[PDB]
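Peer 1: Supplied in structure tokens, the structure appears directly below.
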Amino acid sequence: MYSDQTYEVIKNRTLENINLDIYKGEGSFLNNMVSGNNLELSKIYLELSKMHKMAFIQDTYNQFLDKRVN
Amino acid sequence: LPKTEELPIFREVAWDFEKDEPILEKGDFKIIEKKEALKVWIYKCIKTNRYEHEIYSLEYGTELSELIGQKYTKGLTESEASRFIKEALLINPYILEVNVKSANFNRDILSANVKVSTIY
Amino acid sequence: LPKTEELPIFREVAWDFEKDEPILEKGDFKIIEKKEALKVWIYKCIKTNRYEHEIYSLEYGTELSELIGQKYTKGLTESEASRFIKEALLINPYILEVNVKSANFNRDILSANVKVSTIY
Amino acid sequence: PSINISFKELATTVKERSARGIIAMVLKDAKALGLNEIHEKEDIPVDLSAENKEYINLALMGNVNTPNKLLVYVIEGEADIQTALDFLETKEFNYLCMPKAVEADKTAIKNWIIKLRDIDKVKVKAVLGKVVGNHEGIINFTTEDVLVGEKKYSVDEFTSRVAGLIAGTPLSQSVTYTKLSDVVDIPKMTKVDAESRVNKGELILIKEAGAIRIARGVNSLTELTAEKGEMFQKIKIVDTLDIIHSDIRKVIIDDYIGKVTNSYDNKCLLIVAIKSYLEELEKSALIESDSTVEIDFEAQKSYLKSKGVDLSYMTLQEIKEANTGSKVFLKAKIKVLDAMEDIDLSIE
Amino acid sequence: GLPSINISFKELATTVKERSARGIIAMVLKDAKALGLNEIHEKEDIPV
């Protein structure tokens, strides 16, 4: 799940997704190109994880509880 | 009993090391084979330190830029930089060993001779 | 395993050792820090013997004044006075070691060179 | 009838320090109007203003070490330059900075500094914001719109800060590529623009190696003559040369004038002392381990020509043996061992 | 004059006697713009 989803795991996943003539190695141009976007996707995964907590009725903030009680 | 499996040829983009900009052959990046990929890898590793950029893995990077700016005398930093290059370059499985010959003192520009041993 | 705790700076009154009278800075005794308190302590210890004054502790005091008055020849009393100074000065926890170089024979005035090792 | 034991302690220092780490601070305030030498940190007079306190705080810290001595003088802004010059003449200094130095004031300061260095033989340095002068003793820091700690800073404020930082910079270390953690926000500049600015002889800040650092430590002097060379374009060389000059002048004034007479044996003793001082410098990495001290033989030739003694029919050693008339002529071979800020090696 | 100590500090630059210049090029050619010699010593500088 979200805890499993991290930069390295999705990096390996995307490297497996891409099959191409040039060899894949550390420090490659495509390696960095994919790695930056995968760091972005890790941030997105953290945001999606926080979506669960902020969506719940429990452990809400001032504005969340205000909307719910309104 | 089984013999070690040979490392497959490392293929990736190519460019002139002096140009420092990627080159395109009729839209295709130049193919690198045999003793073409390792030079690019060493150039990439030496050129930029990992500790500056969070994206790169911790094992990557070199600390030669710490000596940049004259933080210590040359006499011992010659061997220190030799050791730094050895640490930075032997991480690659393709490379076997790295040798540093000497350093030349002249004005503010330091010139050193370093050797690379390869498999192919 | 824990390292030894450093001795805090010894603070007390100050004065000129040649004046032998306490000095006051705008009503405040001069502050002694680092290598200022140990000189005062050594001066106080050497200047007066304990056995003359009942108030002082038995460990305090020096017996150099016994040699005053020519009670024995100089040849051996040189080493005897070196030992007396070593006994009188190494009692202080601050002081590490005391070294005596030599003694100069001239008329009725004996001059000797003695060394002090400190922590700060 | 009483001779007492009177013992006075003696301390020996292998390294002797003279005219180093001095900061000259002059500010225009109508309240203090006096000189204040600060040897202990967080020592702030109540008279000084908030901006002057900020200047002091900037001067407080250094890159490696706190500056050894901070000297501050206060007087009204009117006729400030004359009194500042008089006070700096009264008490020696190593570096100078002015919060409100106008272009005319900066030019006058540079003229006074170069006059001192060229006639009074007093090696002094000054840090100035925007000066195009033709001397290497002055420091020109042309970096506009500088902000430190999300706070707007004037050019002179950061010049004073950099001077204080350099005062704490050890001689083994080089000011090149020294990063500043306090500086956080700076206007974006291109690499080409920064390189062009540095090639103009200006000191600027660059964002490199994940930090904000200065690109180089060259002198403010754009035009170095043929004799001066590349090394004289660096403040690091001139700093150690000035320190050696000051130490030699100080020891000469302390010992040889008046107290010592002129003789061949006196000349040999002076040569031995100079060689010992050069060896002490050689102990530090500042200068090369190899140096020579010699009598200026051609100066002796010229002195004989002034006297008129014929050069023929005696040994050349007799020229050295001949009295110089209350004078000494010397020659020394030295080389500055200031190491390398940048490197460029080859592979195979 | 008053006799006073005067310590001189000079920089050693290796001085070698220079002979007649060699390898110079005398470029002369006609144009109608900015008449006069150009003395182009710096590399790759074409005046307008």
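Going through the structure tokens in order, the chains are called A, B, and so on, while each chain numbers its residues from 1 and the ligands are numbered from 1 in the order shown.
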Pull out every residue of chain E that has at least one atom within 12 Å of chain D, counting only C-alpha atoms, and report them as a PyMOL selection string.
Peer 2: chain E and resi 3-15
Peer 1: Could you list the residues in chain A lying within 12 Å of chain B, using only C-alpha atoms, and format the result as a list in words?
Peer 2: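 Therefore, the residues near the partner are residues 7, 8, 11, 20, 21, 22, 23, 24, 25, 26, 27, 28, 29, 30, 31, 32, 33, 34, 35, 36, 37, 38, 39 and 40 of chain A.
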Peer 1: Store the residues picked out above in a file with N, CA, C and O atoms, as a CSV table (one decimal), in the first residue's frame.
Peer 2:
```csv
chain,number,residue,atom,x,y,z
A,7,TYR,N,10.0,6.0,-3.2
A,7,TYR,CA,10.8,6.4,-4.4
A,7,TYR,C,11.5,5.2,-5.0
A,7,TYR,O,11.5,5.0,-6.3
A,8,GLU,N,12.2,4.4,-4.2
A,8,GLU,CA,13.0,3.3,-4.7
A,8,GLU,C,12.1,2.2,-5.3
A,8,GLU,O,12.4,1.6,-6.4
A,11,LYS,N,10.7,3.4,-8.5
A,11,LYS,CA,11.8,3.5,-9.4
A,11,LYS,C,12.1,2.2,-10.1
A,11,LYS,O,12.3,2.1,-11.3
A,20,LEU,N,14.2,-1.3,-23.2
A,20,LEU,CA,14.7,-0.5,-24.3
A,20,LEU,C,16.2,-1.0,-24.6
A,20,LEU,O,16.8,-1.7,-23.8
A,21,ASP,N,16.7,-0.5,-25.8
A,21,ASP,CA,17.9,-1.1,-26.3
A,21,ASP,C,19.1,-0.7,-25.4
A,21,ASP,O,20.0,-1.5,-25.1
A,22,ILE,N,19.1,0.6,-24.9
A,22,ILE,CA,20.3,1.0,-24.1
A,22,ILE,C,20.2,0.4,-22.7
A,22,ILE,O,19.1,0.2,-22.1
A,23,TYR,N,21.4,0.1,-22.2
A,23,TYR,CA,21.4,-0.6,-20.9
A,23,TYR,C,21.1,0.4,-19.7
A,23,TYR,O,21.4,1.6,-19.8
A,24,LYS,N,20.5,-0.2,-18.7
A,24,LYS,CA,20.0,0.6,-17.5
A,24,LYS,C,21.0,0.5,-16.4
A,24,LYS,O,21.4,-0.6,-16.0
A,25,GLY,N,21.5,1.6,-15.9
A,25,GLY,CA,22.5,1.7,-14.9
A,25,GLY,C,22.4,2.9,-14.0
A,25,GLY,O,21.7,3.9,-14.4
A,26,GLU,N,23.1,2.9,-12.9
A,26,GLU,CA,23.1,4.0,-12.0
A,26,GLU,C,23.8,5.2,-12.7
A,26,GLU,O,24.8,5.1,-13.3
A,27,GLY,N,23.2,6.4,-12.5
A,27,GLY,CA,23.8,7.6,-13.1
A,27,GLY,C,23.4,7.9,-14.5
A,27,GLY,O,23.8,8.8,-15.1
A,28,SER,N,22.6,7.0,-15.1
A,28,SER,CA,22.1,7.2,-16.5
A,28,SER,C,21.2,8.4,-16.6
A,28,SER,O,20.6,8.8,-15.6
A,29,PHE,N,21.2,9.0,-17.8
A,29,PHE,CA,20.3,10.1,-18.1
A,29,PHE,C,18.9,9.8,-17.8
A,29,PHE,O,18.2,10.4,-17.1
A,30,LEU,N,18.4,8.7,-18.5
A,30,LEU,CA,17.0,8.2,-18.3
A,30,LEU,C,16.8,7.8,-16.8
A,30,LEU,O,15.7,8.0,-16.3
A,31,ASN,N,17.8,7.3,-16.2
A,31,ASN,CA,17.7,7.0,-14.7
A,31,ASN,C,17.3,8.2,-13.9
A,31,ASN,O,16.3,8.2,-13.2
A,32,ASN,N,18.0,9.3,-14.1
A,32,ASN,CA,17.7,10.5,-13.4
A,32,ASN,C,16.3,11.1,-13.8
A,32,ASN,O,15.6,11.6,-13.0
A,33,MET,N,16.0,11.0,-15.1
A,33,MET,CA,14.8,11.5,-15.6
A,33,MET,C,13.6,10.8,-14.9
A,33,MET,O,12.6,11.5,-14.5
A,34,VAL,N,13.7,9.5,-14.8
A,34,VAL,CA,12.6,8.7,-14.1
A,34,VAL,C,12.7,9.0,-12.6
A,34,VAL,O,11.6,9.1,-12.0
A,35,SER,N,13.9,9.1,-12.1
A,35,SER,CA,14.0,9.3,-10.6
A,35,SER,C,13.3,10.5,-10.1
A,35,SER,O,12.7,10.6,-9.0
A,36,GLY,N,13.5,11.7,-10.8
A,36,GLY,CA,12.9,12.9,-10.4
A,36,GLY,C,11.4,12.8,-10.4
A,36,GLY,O,10.7,13.2,-9.4
A,37,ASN,N,10.8,12.3,-11.4
A,37,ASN,CA,9.3,12.1,-11.5
A,37,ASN,C,8.9,11.1,-10.4
A,37,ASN,O,7.8,11.3,-9.9
A,38,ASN,N,9.7,10.1,-10.1
A,38,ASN,CA,9.3,9.2,-9.1
A,38,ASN,C,9.3,9.8,-7.7
A,38,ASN,O,8.6,9.4,-6.8
A,39,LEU,N,10.3,10.7,-7.4
A,39,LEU,CA,10.3,11.4,-6.2
A,39,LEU,C,9.0,12.3,-6.1
A,39,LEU,O,8.4,12.4,-5.0
A,40,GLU,N,8.6,12.9,-7.2
A,40,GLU,CA,7.4,13.6,-7.3
A,40,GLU,C,6.2,12.7,-6.9
A,40,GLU,O,5.3,13.1,-6.2
```
Peer 1: Between atom CA of residue D:251 and atom CA of residue D:275, what is the distance, to one decimal in Å?
Peer 2: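 We find that atom CA of residue D:251 and atom CA of residue D:275 lie 13.1 Å from each other.
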Peer 1: Write out as a PyMOL selection string the set of residues from stretch 17-118 of chain C that DSSP, computed on the backbone, places in strand (DSSP E).
Peer 2: chain C and resi 24-25+28-29+98-106+109-116
Peer 1: Using the selection just defined, write its residues with C-alpha atoms as a compact mmCIF listing (two decimals), in the first residue's frame.
Peer 2:
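Contents of result_26.txt, freshly written:
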```
# COMPACT_ATOMS: atom_id res chain seq x y z
CA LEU C 24 41.10 47.28 44.10
CA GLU C 25 39.63 48.14 40.70
CA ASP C 28 36.29 45.46 42.91
CA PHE C 29 39.22 43.10 43.34
CA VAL C 98 57.08 21.30 38.70
CA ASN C 99 60.64 21.28 37.33
CA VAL C 100 63.79 22.88 38.77
CA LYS C 101 66.62 23.70 36.37
CA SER C 102 69.65 24.75 38.44
CA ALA C 103 71.00 27.15 41.06
CA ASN C 104 73.44 30.06 40.75
CA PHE C 105 76.10 30.64 43.41
CA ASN C 106 77.07 34.28 44.00
CA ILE C 109 72.17 35.45 47.13
CA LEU C 110 71.18 32.13 45.54
CA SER C 111 69.18 32.29 42.31
CA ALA C 112 67.40 29.21 40.97
CA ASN C 113 65.20 28.57 37.93
CA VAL C 114 62.04 26.55 38.56
CA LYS C 115 59.36 25.57 36.03
CA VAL C 116 55.58 25.24 36.35
```
Peer 1: Quick one: of B:88, B:95, B:119, B:23, who's nearest to residue B:48, counting only C-alpha atoms?
Peer 2: B:88
Peer 1: Could you go through stretch 105-202 of chain D and tell me which residues DSSP, when run on the backbone, assigns to alpha helix (DSSP H), listing them as a PyMOL selection string?
Peer 2: chain D and resi 105-115+155-167+191-199
